[PDB]
Number of protein chains: 2
Amino acid sequence: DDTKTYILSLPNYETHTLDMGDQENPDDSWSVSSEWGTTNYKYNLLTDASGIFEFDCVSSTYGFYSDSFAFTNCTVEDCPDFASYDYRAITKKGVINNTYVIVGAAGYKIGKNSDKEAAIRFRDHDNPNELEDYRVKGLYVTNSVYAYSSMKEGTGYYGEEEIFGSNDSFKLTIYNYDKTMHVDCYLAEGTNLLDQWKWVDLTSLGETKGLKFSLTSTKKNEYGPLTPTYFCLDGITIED
Amino acid sequence: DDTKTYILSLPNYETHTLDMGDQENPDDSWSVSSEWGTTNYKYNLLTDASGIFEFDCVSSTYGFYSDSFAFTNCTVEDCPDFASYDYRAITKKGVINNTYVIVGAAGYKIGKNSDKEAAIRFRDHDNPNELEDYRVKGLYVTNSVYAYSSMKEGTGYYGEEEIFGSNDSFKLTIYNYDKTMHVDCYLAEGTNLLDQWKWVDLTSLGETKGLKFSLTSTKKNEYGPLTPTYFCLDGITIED
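Definitions and limits used
- Residues numbered from 1 in each chain as written, not as in the entry; some residues may be left out.
- Chains lettered and ligands numbered in written order.
- Heavy atoms only, no water.
- Residues with missing side-chain atoms left out of burial classes, pairs and counts.
- Helix = DSSP H or I, 4+ residues; strand = E, 2+ residues; numbered from the N terminus.
- Salt bridge = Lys/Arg side-chain N within 4 Å of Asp/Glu carboxyl O.
- Buried < 20%, exposed > 50% of the residue type's maximum accessible area, 1.4 Å probe, protein only.
- Contact = heavy atoms within 4.5 Å.
- Buried area = accessible area lost by both parts, 1.4 Å probe.
- Polar contact = N/O pair within 3.5 Å; in protein donor to acceptor, adjacent residues only side chain to side chain.

## Section: the overall build of chain A
- If you tally the helices and strands in chain A, you get one helix and 20 strands.
- C-alpha extents for chain A along the principal axes are approximately 55 × 40 × 35 Å.

In structure tokens:
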């Protein structure tokens, strides 16, 4: 047999970083103005150390964007990076080492014209300049401190009615690239909030060149979920 | 000593390719319409196998754009890729193997708003998501069949007055990323047209996170050079 298996391999960072790609020289940037303000955005296509995995990373005036991916090993309780919103893993490290991926999946689009969806994509081992369909074995997910804490203690913007009771749940849906297949997973069921790394089998997605993500909470108001739609992932394992 | 030296390492291709990155799923795309037509563009940031080097690649309705980089090992006299314009190296292969870089440097800008310059850039060895300043030792350049043939036999659009005499010359200028330094090199002097790989020492550029390029020919008309502004490069050697 010569089926090859490829596992996400994140960079090892000098000290404690939130990596949203180069901010001085981003791949792209733009501004949006509305009646409520003008906001500046920067976009970088992040890649892992192996060159197999790529991730869409939007950042803005206000930090990590709502539909974006970034890498971190920030364990230091005080990066000012997480002063406002603690996107770090509740597990405090990755599955196999200290770096993991933070993910925003609020459901807004990215790109100057809001027409692109934030995604992870897979490249050919022999040519990083071509996407390739793989069988996705799965990946590990866990909660962010930000979301865990909202569901446990109402520490977010809306306060006390964020707190999960036994009717509640927080569901991650993982899609294939064109979204014709998905797998559902729970980050929280009732008052049981995931605080470990959890493997999600994604083999039922079939061959695909990438992954997209959605979040649903039972705590919501008219405009969206009260639960922050940030989580973490690691260990994406694909096979050709 | 632990100064590290990094040399461009291009992908090895299955058979004979012109690689302008994924055309079905490009990093970006846009359209421009004017009074003369509407043209579609695709952009990919190419990276080498080592992950140290990145290249801006614009392609369009009409193929390889005028200010762009692409990779090729196409030796086969008939890729239809080179039917119209033969961007291949006059040397027919790279310095150390069959792949090399084809370069358009007409001086137009890229990006939906024509505000970005096509460039090569350097990333940190430990983190492909950060640009890093390096000392650039140099690289090899040579002519494209397209330009060589124009200068030798007037086989381009304008025909016979493309042919170089002893007053003529074709000069490549290599700049550092912010263009505050450059090095000049000749692809042709008089009727002597470069047909080998030629090393250009770029140490005088100082530390830089990338490279840009211009071409000047003594054969020109009111609107630009008659000599096609395409050439080839290989073997970029940088040091930190």
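Still to come is the rest of the account.
## Here's the deal with the pattern of salt bridges
All names here are of chain B.
- Enumeration according to the criterion identifies 24 salt bridges over all chains in this entry.
- Notably, a salt bridge pairs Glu 54 with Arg 121, separated by 3.0 Å at the nearest N-O pair. With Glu 54 in strand 5 (residues 53-60) and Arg 121 in strand 9 (residues 120-124), this pair connects stretches of sequence that are 67 residues apart.
- A residue is classified by how much of its surface remains accessible, and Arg 121, at 4% relative accessible area, is buried.
- Between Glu 207 and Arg 135 there is a salt bridge, with its nearest N and O atoms 3.9 Å apart.

## Let's talk about the interface of chain A and chain B
- At the interface, 22 residues of chain A touch 22 residues of chain B.
- Between chain A and chain B, a total of about 1500 Å² is buried, with carbon and sulfur atoms accounting for 41% of that surface.
- Our count for the contact surface shared by chain A and chain B stands at zero salt bridges.
- For the pair chain A and chain B, the interface holds six residue pairs in polar contact.
- Elements represented by at least two residues in the side of chain A that touches chain B include exactly strand 4 (37-47) and strand 10 (127-131) of chain A.
- At five residues, strand 10 of chain A tops the list of elements feeding residues into the side of chain A that touches chain B.

## What about helix 1 (residues 145-153) of chain A?
Residue and element names in this part refer to chain A.
- For helix 1, the full list of buried residues reads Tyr 146, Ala 147, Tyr 148, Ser 149, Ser 150 and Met 151.
- On its buried face, helix 1 is in contact with strand 11 (134-143), strand 12 (169-176), strand 13 (182-189), strand 14 (192-193) and strand 20 (230-239).
- Directly after helix 1, the chain includes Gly 154, whose backbone phi takes a positive value near 60°.

## Regarding the environment of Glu 162 of chain A
All names here are of chain A.
- As for its placement among the helices and strands, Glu 162 is situated in the loop between helix 1 and strand 12.
- The spacing of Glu 162 and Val 136 is 26 residues in sequence and 33 Å in space, taken between C-alpha atoms.
- Filtering out sequence-adjacent residues up to four positions away, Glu 162 remains in contact with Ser 150, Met 151, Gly 154, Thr 155, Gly 156, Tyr 157, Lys 219 and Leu 226.
- Within the local environment of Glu 162, its side chain forms a polar contact with the backbone nitrogen of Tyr 157, the two atoms lying 3.4 Å apart.

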